[PDB]
């Protein structure tokens, strides 16, 4: 008899949770799972992400997450029309271009709070 770990949920951070949730749902297509004032959960297909409140901006600026997807080029097309593809010369939410990395074919997305999330082709 040994304990089995079954699944994990990344936690993104934000000084402004409510705005982080508005962005992931109204713009990226996730749904609200639950929303407290300093803690929320959003969901899309089999992926859940939690969003937690923090006071220091450097935390969200250093927060990361990796998500796997079937149909990466299409996610990229779906999101490129609501998120800038000029990842460098941009201050707000942005997306890098698809490229190969050791973990696979991917692209990263920075949300309004500063979280950087990597989406990888399954």
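Residue numbers count along the first chain shown, from 1.
- Between 53-61 and 80-88, it is 80-88 that carries the larger average Cα temperature factor according to the deposited entry.
- Looking at 28-36 and 43-51 together, the entry lists the larger mean B-factor for 28-36, computed on C-alpha atoms.
- Looking at 120, 117, 2, 5, the one whose CA carries the top B-factor in the deposited record is 2.
- Annotation for residue 100: CA B-factor lies in the highest third of the chain's modelled residues.
- In the PDB entry, a CA B factor belonging to the lowest third of its chain's modelled residues is recorded for residue 69.
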